[PDB]
Each structure stands twice: as structure tokens, then as C-alpha cells.
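As C-alpha cells, the next two blocks hold two forms of the same chain, structure 1 and structure 2.
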Structure 1
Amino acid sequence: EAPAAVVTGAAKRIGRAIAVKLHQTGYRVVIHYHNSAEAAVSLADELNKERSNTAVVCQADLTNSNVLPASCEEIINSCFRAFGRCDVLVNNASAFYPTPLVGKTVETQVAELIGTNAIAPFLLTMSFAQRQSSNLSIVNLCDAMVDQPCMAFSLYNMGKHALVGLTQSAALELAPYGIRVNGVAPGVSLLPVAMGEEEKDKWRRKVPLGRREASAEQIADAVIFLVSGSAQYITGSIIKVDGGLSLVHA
């Protein structure tokens, strides 16, 4: 029987590439999404056309709230309902916007940025572990630039740092259960689709390896390594996939 994976925020970009590569590797996938219903459903449809009943969709807001634990439990439950198992969890879903220190209220900013990047990964990790030849692991999507953060992105940065702490803490604690916990950390490496080419060029020019952004597929490559049998001794590790960007001084 085929293993199953949950990928949060899997409708687009890096999450989509991860879900696709897991599927191509033989995984059945839960495609979690928030707002991108059309994209998520069309992805699941494409994957199911490839192999019957190997993809399902699951909608959840991962903003922090008192119902977030239940939402995360339900995401994991959806994998068990659909496929009878859950082997891999990929914490990809993420809010990303500036929150300067000096329309959204600050409590909403906190809830979205810390919720998506840190608390939901924690609760999903809890639910994943509680519900557990096999090769069980979690991959957290981190950020290679966390020590050299984007100006005015404190809450985002705090969230990604907490995600590092979660990766380490969970690796330590879940090791007895055979659950490995690792991370993949892109740099400022695949720029937002809205951004102008000229603004994208400012970042690209800074990347030592090829003066270009990573493809979503290149990020997904590191995720599939970490979930694979080639990484069976690897836990608590975060792989930078940044083309040398974090090595470049101001």
C-alpha cells in the first residue's frame, strides 16, 4: 500500500511542487489550502487523473485561534479518512507580509503570522504524532535568511524562528517513535508573483549561484530527499536551498 502525505498550503507555488513530487514518488496526498479553492481542486483533479483516488483536498484557516487545535486535528484526520494512514507532514502554508514596529489589527497580524508559521505546525505535529518498514517524517518550510531578516518583518521572522525551535524540539521528542523532523530553508529565493521584474532583479543579482531564484521544484527536491530512505538517520536538520544568498554580506 502507498504511503500518504499532508502538504499544507499546497494549491500553488512551492507547496504545489512538493505535493506533485510526493505524488510522482508514489505518495497519496492531502492538498490543504485556505483561499485557493479552484487551484487546489484542479491540482487534486490532475493527480487523480494520473492515479485514481490518490489526492484529496482539505480547507482550513491556520490563523491562530482557540479553534486552531481542532482545525489541525481535522487536517490530519482527513489523511486517515482518505488513505487510512499518514506518513509525511509538510508544514508549508505561511502568511508573509510586513508588520512594522513603528487595515489589519496587530492581534490579527500576530494570529496570522505566528499561527501559520509556528503554532499550526506545532498543532499539526501534535496531531500527526498522536495518530501514529514505515518511514515517518515531518518537513518544515523554514527560511535561510532568518538571521538576516527582511526589514519590518518581525512577526514573520519570529514565526520562522519558532519553526526552527519546533523542528529541533520535535526531532528530539519524536525520535523514540521513529518520526524524523527536518526543515528545508529557501532564501529570498522564489519571489512573490505580484512583484515587478525589476524588483525581482534586485534580489536575483544578489544570488551567488546563477543570479537567479530557485524553482519551486528545486525546493521540493530537498523535501523529497528528507522524506526518502536516503535520509533515514537525518533528524533535526535544516537544509538551506538558497544558492548562497545567506552567505552574502550587506
Structure 2
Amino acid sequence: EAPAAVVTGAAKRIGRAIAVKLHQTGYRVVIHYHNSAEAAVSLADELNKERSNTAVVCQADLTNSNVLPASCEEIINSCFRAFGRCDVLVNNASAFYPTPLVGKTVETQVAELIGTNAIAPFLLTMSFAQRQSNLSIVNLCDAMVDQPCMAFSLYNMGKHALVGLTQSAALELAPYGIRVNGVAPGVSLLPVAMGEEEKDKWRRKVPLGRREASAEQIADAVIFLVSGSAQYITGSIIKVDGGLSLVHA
């Protein structure tokens, strides 16, 4: 039987590339999304056209709240409902915007940034583990966590907490044979809100080819970590950043 994977924030960009590559490797996929309903349905159609009954969509807000554990349980439930199993969880969904220390209320900013980047991954990990071959979780981290964007405290706190989760969950789930790893992009697909001048600035900074990573290049690292070639790898975060994090100010 074909293994099954949940990918959060999978309708567009990097999550989409991850879902595609997992599907091409022979996984059945749950394409989680929040607002991008059209993109999610389009992707599921494309994958199902390739192999019948191998993709479903699942809408959920991953903002922190008292109902978040239920939403995360439901996401894992949807994989079992559709495919009778859940072998891989990819924590990809992420809010990313400035929250200066000196629009949305601060409580909404905390809920969105810490919810999406850390708490939801934690609750999904809980639900994945409790519902339990080659089982693993892959968390999308950030190569630049120690050299963060100016005025992105909450996002950075989220991504640091995700490192903590990766390590804590790797340790605790090891006896269950569940591996937990991370992939840490530097610059890949640049944020849509970023200006073209700033995009070019970031590109110029990357030692390896003066260009951002393709979404597929990020996906390749995810593929490795879920594969039989990573059977002894747990609690590892693989930087995929073309040397960006090595460059001084």
C-alpha cells in the first residue's frame, strides 16, 4: 500500500513543491490550506489526475486558540479518514510579518505567529504520535534564526520554538520509531510582499550562485529526510541556504 503524508500550508509555494515531490515519490497526500482554497483544489485535481484517489484537501486555521488542539487533531484524522494511515507530517504552514517592539492587535499577532510556527506544529506532532514502516516528521525551520530580520521578534521566537520542538520530539518519539527533523531555508521563494529591489539585495548575498533556492530544492531535502536513506537521522536540522547564514554583516 502507498504511504500517506500531511503537508500544512501546501496550496502554494514551498508547501506545494513538497506535496508534489512527496506525491511523485508515491505518497498519498493531505493538502492542508487556510485561505488558498482555489490553489489547494487545483493541486489535488492535478495529483488525482496523475493517480486516482491519492490527494485530498483540508482547510484549517492554525492560529493559536483554545480550539487549536481540536483543529490539529482533525487534520491528522483527515489523513486516516482518507488513506487509513499517516506516515509523514510536514510542518510547513507559517505566518511571516513584522511585529516591532517600538492593523492587527498584539494578541492576534502572538496567536498567528506563535500558533502557526510553533504551537500548531506541536499539537500536530501530538496528534500524529497518538494516532500511531518509516514514520517521520519534517519541520520547516529558518537558517537565519540566529541572524533574524529586524522587527520580526514574534516570527523569530516561533521559529526558535520550532527548533526546540524538533529536538524535544525527536528525543521523546524515538522509542516509537518516529523520526523528527528539520529543513532550514535561507532565501527560497521570496515573500510576495517583498519589493523587487529588496529581492535583488537578498539574491546578491547568497554565496552559492547569487540566487534564492527553488521550492523544489527545499523539497529535495524534505524527500531525503523522509526516505530510507535517513533512517538513523533524528533531531537534525538541514540548512538549505547556499551559504547565506555564513555571511557576516
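The first residue in the sequence of structure 1 is number 1, and each one after it adds one. Shifts are known only where both forms have a C-alpha. Think of the rigid core as the biggest set of C-alphas that the two forms share within 1.5 Å after superposition.
For the residue set 190, 224, 41, 207, core-aligned C-alpha shifts between structures 1 and 2 reach 2 angstroms or more at a single site, 190. Core superposition places the Cα of residue 176 0.1 Å apart between structures 1 and 2. Core superposition between structures 1 and 2 reveals the following runs of 3 or more residues with every CA shifted by 2 angstroms or more: 188 to 190, 193 to 198.
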